[PDB]
Amino acid sequence: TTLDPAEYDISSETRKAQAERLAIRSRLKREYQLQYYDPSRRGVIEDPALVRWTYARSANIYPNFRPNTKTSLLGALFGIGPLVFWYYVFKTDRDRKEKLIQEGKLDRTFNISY
Amino acid sequence: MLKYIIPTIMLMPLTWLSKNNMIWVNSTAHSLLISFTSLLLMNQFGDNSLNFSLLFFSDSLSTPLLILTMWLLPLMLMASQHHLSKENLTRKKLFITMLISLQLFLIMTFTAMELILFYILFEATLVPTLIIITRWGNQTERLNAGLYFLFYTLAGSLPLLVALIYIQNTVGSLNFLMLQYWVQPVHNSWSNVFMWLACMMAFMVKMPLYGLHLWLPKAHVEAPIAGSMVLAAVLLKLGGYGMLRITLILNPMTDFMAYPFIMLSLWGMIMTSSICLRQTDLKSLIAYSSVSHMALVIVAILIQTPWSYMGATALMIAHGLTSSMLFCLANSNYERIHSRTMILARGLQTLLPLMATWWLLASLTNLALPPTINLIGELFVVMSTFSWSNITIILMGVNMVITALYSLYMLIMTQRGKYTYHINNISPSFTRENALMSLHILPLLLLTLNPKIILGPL
Amino acid sequence: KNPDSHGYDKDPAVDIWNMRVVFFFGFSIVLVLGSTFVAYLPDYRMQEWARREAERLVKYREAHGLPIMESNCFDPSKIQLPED
Amino acid sequence: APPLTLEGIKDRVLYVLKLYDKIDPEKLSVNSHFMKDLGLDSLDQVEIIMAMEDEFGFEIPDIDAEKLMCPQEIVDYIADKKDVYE
Amino acid sequence: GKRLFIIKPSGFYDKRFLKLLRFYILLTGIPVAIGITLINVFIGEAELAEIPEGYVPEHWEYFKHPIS
Amino acid sequence: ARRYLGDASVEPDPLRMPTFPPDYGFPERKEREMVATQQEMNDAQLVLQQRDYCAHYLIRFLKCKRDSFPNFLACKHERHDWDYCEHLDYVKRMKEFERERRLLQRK
Amino acid sequence: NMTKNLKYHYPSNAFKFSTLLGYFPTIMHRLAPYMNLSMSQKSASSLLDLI
Amino acid sequence: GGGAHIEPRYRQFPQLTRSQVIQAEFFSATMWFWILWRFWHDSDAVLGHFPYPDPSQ
Amino acid sequence: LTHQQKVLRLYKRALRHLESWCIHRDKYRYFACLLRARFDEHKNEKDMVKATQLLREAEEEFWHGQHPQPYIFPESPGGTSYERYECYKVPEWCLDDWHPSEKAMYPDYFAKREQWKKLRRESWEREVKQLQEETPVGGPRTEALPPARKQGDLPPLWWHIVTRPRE
Amino acid sequence: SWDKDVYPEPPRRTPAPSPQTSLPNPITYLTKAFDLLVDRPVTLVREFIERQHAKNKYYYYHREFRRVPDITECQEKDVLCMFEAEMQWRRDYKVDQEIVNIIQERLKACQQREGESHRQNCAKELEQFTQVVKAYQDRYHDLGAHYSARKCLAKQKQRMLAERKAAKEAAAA
Amino acid sequence: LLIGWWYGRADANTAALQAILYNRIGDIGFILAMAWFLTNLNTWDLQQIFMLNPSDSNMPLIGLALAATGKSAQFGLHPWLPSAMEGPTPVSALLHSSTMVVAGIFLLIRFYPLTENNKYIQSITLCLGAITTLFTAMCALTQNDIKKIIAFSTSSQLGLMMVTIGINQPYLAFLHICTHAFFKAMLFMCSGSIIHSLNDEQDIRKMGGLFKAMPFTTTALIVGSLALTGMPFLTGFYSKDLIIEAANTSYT
Amino acid sequence: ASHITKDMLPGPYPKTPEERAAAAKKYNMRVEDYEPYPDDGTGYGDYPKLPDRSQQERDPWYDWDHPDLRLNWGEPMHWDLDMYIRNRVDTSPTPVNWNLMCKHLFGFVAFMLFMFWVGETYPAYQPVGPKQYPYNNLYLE
């Protein structure tokens, strides 16, 4: 249960032409340490993956949004739905409890509080 | 009374009239003094409330609430000092003036003697606040926070003045609250709902329901330097108390429709705190606390039957401090590291050891350990709102769980090893860092000793 | 902001003045000198007055004939009570 | 607090490697280059670190296997792990 | 002999602080401290009974306490 | 539960006993088994299910207990005989599965 | 002695161990921080409030 | 440094202090002596025996 | 990972999970050669598919027979009191903010520090620019020439070379 | 102290001694010891000020109001005359809270005073106590208007229901 | 603030967020029986409730049985203890012996005079605590750590306590803890010289035998670790022994 | 002050090779299967072009994993995909998808029926019929 998580799979020898998946990263950790080792810096680093981490997450959706797919009209099943339910639960109570407070006395007489 | 407005307006030319850099210490010195006057004639009754003039009873009401309002002013100039030292003095003379120009009305309001001085002074802000948000922002998204902050607050508070001028000429004179001694009820019609709905919805748009809060994190996320007016805007909001002056009376007997304001904010209380867990921006993370256990008062106020006002008052000034102070931490830790992104700051608690116990006592008062005001302000909520119907124990019982995972995840994110690349963060919290961060936890917990000074009449 | 000056607020002098003007004005003259005020401040909401007077008056009735905690609707037959 | 030096690690490693009857205890200790005593590709390199874990006992990282050519190289960096000689 | 070098970021700016509280918070504390005992020793709240006080008693100062 | 008649004073937690509370009783042996004086039963401090049989007996047990304070033992024969009052009672009450067994069988 | 000193009962791979784990701490703590944190939030998050 | 007061072991099985074990062994009595009074005098059950309530008469 | 050494990562762990199953110290030792027998059964044969069934079926019969709560070697990738001591962690470069009268102590040590910096004060002009000569375009793993051709100062100075100790 | 009949309590019944025994009792080596390290630093000081306090005697009086204002007067719309008719009613709702406090503590003195019986004694408090509060929330408790306290406007309009319903509509009465 | 002693150690500070997650649920009950008494009895004083007895305790009490299980480490909330051991050793000695684990079954004792009625109450108790035992026991065996097994040992000590509340045995339940607490502080604190002076392991593997320079401490184990076994003449001879021989005659 | 084209723009197909990698290299070759594709079920504005998603799951695993740092501490330069649930999630267990707990949690549910009976010890079962008599059956005296 969650998950296999595929600690072995097919391989060998295909996709041994795939190389320079590290050249992508090896460039940076060379450049990053070329950044990170300097005598005079005293300050944080740009780290763009973080700039594009929030700004492509918090903002930049209602701009990207379109009110079309009915899996984006899904939310009526989520947002409004249970909010009706909680009305259905309560409004029955506060009444069932009220009717008895009139005809018949459920409480004791040492309840002043309330 | 004039004991107050006059010195605090006398402050106004205590500032520019001064010399060069002496200005900050000049006004911070005096601005503390007024606090002796603040208590001075106040904390009289008690019973048969104080009204000392025709159009002012300063605060009698057992809503003292005014002493805080006079605190937060000379907590700003200790707060606001950081990056505001980098532009000109004739502008720095301004930012201290409008900031006072706010403080003068919050003394006028909370007294008001009546309804119609309240309103024109209830709308009399937004001139001083709006000018602090738009200028001296940081990001460029600020320009929209300027509008959204209006077009709600002002949007539906005009229907007040249609209604309050409708009462003035209907029954007698609203000139005075202290005469309601003639009030007829409001039975029903398709007209009276609107009356009750017009005399209400303007207040909700300030202390948010789970709808129409769409502005609250828009203004706080991006907002002035120190939280300079962000401390003030956490006073402004709770100041929607005036619903305590109305809904006690002035259409007492419609509870008929209360339910769409109960089940709407009662399922949001369990809600918007939960949409606060994955936030990646810290001054957002606190902004959604401020909705949550503020929006609990709206189910305290609508229900009648005190033991709610016992507990509803303690809350307005409960987070009045705790929710204030957190915006003071997240400011400081931002001075040194210029991202507000929560992730980036980690591996603290080694490098600033004394500021350890500052986070803790803050994040501990959302947990609300029993002895402090916080619970003794929540456990008069639950005791009456239980009697309403027994089932309220569940949701607002869940609130007491998700809020605990809520707070810790903010502290425990700052306990880790990170040395990482930061050559910054040298300053070991020069005194103002820890001075202005105090004058909260000292006065806050303190009140628990004699906590009969925060209570309503009931 | 450390040329090995110590410093708190801004610069050489009144910074040193600016610390004593917050610490001393801020507390020890308010969080203490003031806090004293409300500590023993006089009877708040007239309850102190109430304990005794809601004490004395218990036995006065209990002594001779009278009941305790009537709730008789404040002397009826002062009220004509509209029926219909 | 337990005192640690660079001698024992030259001894202990010399010791059990001289304990195995698969190795004559006339053979080189500090430098054999271990490729003379690598036979075969496996059952040496990972074989020798099977015992040496039984005394110190930290993890013997994988990628540090290829440092094990030089018998002075194994003892070399074990000083850097446990915070050994000055 | 066997020895190392302790490492702490700073103790001085924290120790230079706490004083300005602890020094000042007492400075008006202790003078306010005697007046909470001495002022009560020679002077205390008594008693009761009753009084008609002739025409009317004084104004406020009906309290029972040293300073109240 | 012998006399089922009313209670002059209404004090429950049976400060109104039938007369004295038994476990069940009588039915025949013993028709009146007899316990101790109630006026002294709750005049001392006596817990419930201390109002069963052997009240007279166990009231003495604590008497000597209070006598020698710096002592770990008072009477190990009485506490033994406290069974001999109680064991004798309990075994006398083991007889109610004997009668009902053969009484409720054939006849 | 039957565990250690015995006749060499082998590391026979097949048994049932739900015993040494308890197996409750395995899935739930992989679940309660999924079905809630990532469902009633990522919906409720800027997914909705910003829409 | 601190001191040499005991050297470690290469599995030569270090020596004891000789007041280490005796001072302990006197507390091997306090279980074996305090177990004295178990069977003296108490039996597996000190009870009294239920005599099979035969009188259903 | 090159096909040659792929059994090692299994050959490392194979006996590893074994010992946590055995109890007596001989038990591990007695099954050594006996279970060692299976490795060289086919000692020299094809590297490809022929002997890939020594890799293929190694999957099962291992994962089957896995998790008898292994011995974790406490200070290591997991298990108790591994990363335990962070209350020091040696925040190297704690030497900045002081306000001396806190700097009276360790005068000989303050003397030594500023002597280390001269290397890192200027080692760069040929330290950095050689990395513009050393790696032509897209170079993989980024260390310099191992000497840096005359004197490395450090060159990796000092973050990796002066880094934090354990106590 | 206090007023006896305001806080009555049953008498002491000091327990009789029962030494019975030949063995030493340590309390007599403490109550004879503890007393001698207490009285000197303690009792001398209370006597020390209580004479030191003979030098000055203050006064604070017993505050009793003047009741003319009645109840159900006066002419409906009025302000002046109905400002006070609450001041009668408001104080007399601050009293009737506390008279529930005093009567409640008196209850506790029925328990830990005894606590073993808890049932066959006291004869009074509980059987009285629930005859007290049932004389409380009726007509003296404006509910659920307790938030507004609805002074004298709703105070009688329970008690109109306690008139316009009871005693007449009771059918037949 | 204790389990969180060591920073870093991604397990350590996530053993805190456990402790304060599961207690807060177990909190949610005891604020229910804090409410119920007002709306009915108009006090929470432990004196007054016992003098003026509640009729229906069904709802107000079941809340209490829930807060019982939070800190008494009952079943279904249990996963917290075995990971509550990740801190310093003398911590768990103090946390788990006489304190913090006792309140869950402590609090229910204080309520004896009122709880003696209403078979619903008594019913769910012994229908619960007994089940806690065999999920802890069946999870004890095979476990490899000194500290862990000594964690479950006190986990299953609970099942006997909570049962004794189930049958009405107010005092004979509490005498247990008074006695028991003397054990497991010793028992843990014994293992100190085993863990530290071995430089560490806290695995049950790589231990060895009884006597290698551990003469006294190994006598401490075989006394206590004998005592917990059913008390032949020893300390708790009046604790575990007077239960299954007394309440065992009942409606069980 | 990153100037132009900070984040995702209106995908999720605006010349898939133009994005990864123009900047923000999620894929190297514009097909790593890291191409800024995973706009699965769009029309939800959620996750536009995004040099981003469905890259796999269950943890950064926080082990030796030591090119430099590689997982949760030490921050490799730029991979970031989705996160924030990753500090409370790990990988594959030994067994797979066996609910024997619902079995055992219902294991006692077998003994629900053991609840409907009693445990009264004295006397024994002694198969009876009309011998039960908890209190009394026939006449009193």
# chains A, B, ... in the order shown; residues from 1 in each chain; ligands from 1
>>> interface_residues(of="chain D", to="chain K", cutoff="12 Å", atoms="only C-alpha atoms", output="JSON, numbers by chain")
{"D": [1, 2, 54, 55, 56, 57]}
>>> interface_residues(of="chain A", to="chain I", cutoff="12 Å", atoms="only C-alpha atoms", output="PyMOL selection string")
chain A and resi 6-13+16+19-40+42
>>> residues_around(residues="residue I:22", least_positions_apart="6", cutoff="9 Å", atoms="only C-alpha atoms", output="NGL selection string")
(:G and (4 or 11)) or (:I and (28))
>>> interface_residues(of="chain H", to="chain K", cutoff="12 Å", atoms="only C-alpha atoms", output="MDAnalysis selection string")
chainID H and resid 8:9 11:40 42:45
>>> closest_atom_pairs(of="chain C", to="chain B", cutoff="6 Å", atoms="only C-alpha atoms", output="Markdown table")
| residue | atom | partner | partner_atom | distance |
| --- | --- | --- | --- | --- |
| C:8 | CA | B:430 | CA | 5.6 |
| C:18 | CA | B:25 | CA | 5.9 |
| C:44 | CA | B:46 | CA | 5.7 |
| C:45 | CA | B:46 | CA | 3.6 |
>>> write_last_selection(atoms="N, CA, C and O atoms", output="PDB file, in the first residue's frame")
ATOM      1  N   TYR C   8      21.953  50.196  19.273  1.00  0.00           N
ATOM      2  CA  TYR C   8      20.622  49.613  19.366  1.00  0.00           C
ATOM      3  C   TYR C   8      19.724  50.097  18.241  1.00  0.00           C
ATOM      4  O   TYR C   8      19.381  49.327  17.339  1.00  0.00           O
ATOM      5  N   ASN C  18      18.176  56.581  23.443  1.00  0.00           N
ATOM      6  CA  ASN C  18      16.954  55.993  22.944  1.00  0.00           C
ATOM      7  C   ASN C  18      16.635  54.679  23.640  1.00  0.00           C
ATOM      8  O   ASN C  18      15.482  54.242  23.605  1.00  0.00           O
ATOM      9  N   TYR C  44     -14.341  46.912  42.023  1.00  0.00           N
ATOM     10  CA  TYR C  44     -14.661  46.972  40.605  1.00  0.00           C
ATOM     11  C   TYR C  44     -16.021  46.331  40.374  1.00  0.00           C
ATOM     12  O   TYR C  44     -16.260  45.193  40.787  1.00  0.00           O
ATOM     13  N   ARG C  45     -16.899  47.071  39.716  1.00  0.00           N
ATOM     14  CA  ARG C  45     -18.263  46.650  39.446  1.00  0.00           C
ATOM     15  C   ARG C  45     -18.979  46.301  40.740  1.00  0.00           C
ATOM     16  O   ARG C  45     -19.607  45.255  40.871  1.00  0.00           O
TER      17      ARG C  45
END
>>> closest_atom_pairs(of="chain G", to="chain A", cutoff="12 Å", atoms="only C-alpha atoms", output="CSV")
residue,atom,partner,partner_atom,distance
G:23,CA,A:1,CA,11.4
G:26,CA,A:1,CA,9.1
G:27,CA,A:1,CA,7.0
G:28,CA,A:1,CA,10.2
G:29,CA,A:2,CA,11.2
G:30,CA,A:2,CA,7.7
G:31,CA,A:2,CA,8.9
G:34,CA,A:2,CA,10.6
G:39,CA,A:78,CA,10.9
G:40,CA,A:78,CA,9.3
G:41,CA,A:78,CA,11.6
G:42,CA,A:57,CA,11.2
G:43,CA,A:78,CA,8.4
G:44,CA,A:79,CA,8.2
G:45,CA,A:58,CA,9.1
G:46,CA,A:58,CA,6.4
G:47,CA,A:61,CA,8.2
G:48,CA,A:75,CA,7.8
G:49,CA,A:79,CA,10.0
G:50,CA,A:62,CA,6.4
G:51,CA,A:62,CA,6.1
>>> residues_around(residues="residue F:21", least_positions_apart="5", cutoff="12 Å", atoms="only C-alpha atoms", output="list in words")
residues 1, 2, 3, 4, 13, 14, 15, 16, 26, 32, 33, 34, 35, 36, 37, 38, 41, 48, 49, 50, 51, 52, 53 and 55 of chain F
>>> write_last_selection(atoms="C-alpha atoms", output="tab-separated table (two decimals), in the first residue's frame")
chain	number	residue	atom	x	y	z
F	1	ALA	CA	-35.65	-6.04	51.38
F	2	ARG	CA	-37.73	-7.85	53.98
F	3	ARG	CA	-40.29	-5.20	54.94
F	4	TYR	CA	-41.27	-3.51	51.65
F	13	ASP	CA	-28.38	5.45	49.48
F	14	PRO	CA	-30.36	3.45	51.78
F	15	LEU	CA	-30.15	5.67	54.81
F	16	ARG	CA	-33.58	4.13	54.75
F	26	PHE	CA	-33.90	-13.90	55.48
F	32	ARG	CA	-34.14	-12.48	61.86
F	33	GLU	CA	-30.38	-12.98	61.62
F	34	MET	CA	-29.61	-9.70	63.51
F	35	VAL	CA	-26.73	-7.30	62.77
F	36	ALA	CA	-25.68	-4.22	64.80
F	37	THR	CA	-27.12	-0.91	65.99
F	38	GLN	CA	-27.87	1.48	63.13
F	41	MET	CA	-23.70	2.17	62.31
F	48	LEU	CA	-21.61	1.01	51.98
F	49	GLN	CA	-21.00	-2.70	51.70
F	50	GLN	CA	-19.67	-2.18	55.17
F	51	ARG	CA	-23.34	-2.37	56.22
F	52	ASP	CA	-23.53	-6.10	55.45
F	53	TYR	CA	-23.25	-8.77	58.13
F	55	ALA	CA	-20.77	-4.99	61.35
